[PDB]
Structures are given as structure tokens and as C-alpha cells.
């Protein structure tokens, strides 16, 4: 009963759990479709935007609940908790929706079951980023990532000591260290066949930060495209 092993398994289980109970699996969702601008790309489908942003808002709420379950997170300062949440919002929104990808239909499924094709994702708001995001969803599928890996990957994006304007970067940074170890150990325990899978999986966060940077730019463009304000929570997260 080596001590760190026990602590890391504990951390692992707790995060797998936090992920499952705040983000349903594709296989356990009741899929349903819609016919709104499904055949051709338009600048913006206001109807799709509304539903999209509503589901995103509800996902952001889940993301918050997920953070609060991450060991030590509610031990950080209020400002840092807020700061981490805002800087990781897109990262996790991207990751989450890209794990809900179905290759045959070329679709992504939201948590209420809504399933949109690539064109509708574009028309809902993805716009010029659509192909980039889908390409990343494809490179991800073969990884066969589960809730433990996806959850740990999200925790790592979230608990990041390198974010701008942190009050206690050291504390956050050290908080991330056991997350990295748990991921490595879990990957090795799960995939003895393929070594070097830790860097491979771990560095998918590189793609997330890239798309997220573009994402924040995309949101600015949408601000002036949509004839109205975005949902208030999304406003706050994107500030």
C-alpha cells in the first residue's frame, strides 16, 4: 500500500466520477435531429444559435460543478477560481463537444441529445473554425479516450499555473502535478501495448489551446453578427 499510489488512484477515481456526473456519454444519450439549415452553410442561423448557446450555457454550468469537485480547487482564492474557469472555458467546451463526435453521420451531440451535422454546427456559430474543430475530433477518436482520461485532461486544462493574472500560480501549479502523474500512470496501466502514449494524449491539449485562441477571436466576430447579446453567463466567461 505504497502511499502515493493510493492517493493517485483516489484522485483518479474522483475525477472520473466528476466527469461522468457532469457530462453524459455519447452512447447513453437519446439522439434527435433537426432540419434547420442542414443542407447549406449560411453566415448564421439565429434559431440554431439560440439552441446552441443555450446548451453551451448549460454545459458551462456543468463545467463549474466539475471544477468544484476537483481536489483543492475550492481551496484556491476566489479570484483564481474565477480566473481559471474563464481561461479554461473554451478549452473544455471544445474538448467536450469533440468527444461527442460521430464519424458516420459527421455529427456532434449535445447533452440534451441534440445532434447536428457539420453544416449546422457551422451555421450555429462555429463558422470559419468548423473544419478545424472537426479535424481535431477525428484525430481524437482513435485515441479511444475514456472518462478518466478525458476528465483528467480537462482537470489539467483547468488547473493551470501559467494562466494570466493568477494570485497563487505556485499553489495552482503544484496542484496540477498530481494530475499529470495520475494521467501518466492511468495511461500506462491502461495501454501497456503502446508506449509514449502519455505524451501523445497529453499533448492534445496543444490543439485545445490553439483552437481556443481562435475560439476567442471567433466569439468577437459573433458578437457583431448576432442581433442581440449572448447569454449572460457566456458573456462573463468570455470577458
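Positions refer to the first chain, counted from 1.
Novice: Output the stretch having the higher mean C-alpha B factor in the entry; the candidates are 1 to 9 and 228 to 236.
Specialist: Taking the mean B-factor of the alpha carbons in each, 1 to 9 is higher.
Novice: Given the B-factors recorded for C-alpha atoms, which segment has the greater mean, 76 to 84 or 106 to 114?
Specialist: Higher mean C-alpha B-factor in the PDB entry: 106 to 114.
Novice: Based on the PDB record, which member of 212, 53, 170, 193 exhibits the highest Cα temperature factor?
Specialist: Checking the PDB record, the top C-alpha B-factor among 212, 53, 170, 193 is at 193.
Novice: Out of 26, 67, 208, 60, which shows the largest CA B-factor listed in the entry?
Specialist: Most elevated C-alpha B-factor of the set, per the entry: 26.
Novice: Grab the CA temperature factor for residue 147 from the record and place it in the lowest, middle or highest third of its chain.
Specialist: It belongs to the highest third of the chain when residues are ordered by C-alpha B-factor.
Novice: Should residue 141 be placed in the lowest, middle or highest third of its chain by the C-alpha B factor in the entry?
Specialist: Highest third - that is where residue 141 ends up once the chain's C-alpha B-factors are sorted.
Novice: How does residue 120 rank on Cα B-factor within its chain, lowest, middle or highest third?
Specialist: Tercile = middle for this residue's CA B-factor.
Novice: Using the temperature factors of the C-alpha atoms in this entry, rank residue 31 within its chain: lowest, middle or highest third.
Specialist: Highest third.
Novice: Comparing against every modelled residue in the chain, figure out the third that the C-alpha B-factor of residue 164 lands in (lowest, middle or highest).
Specialist: Ranked within chain, residue 164 CA B lands in the highest tercile.
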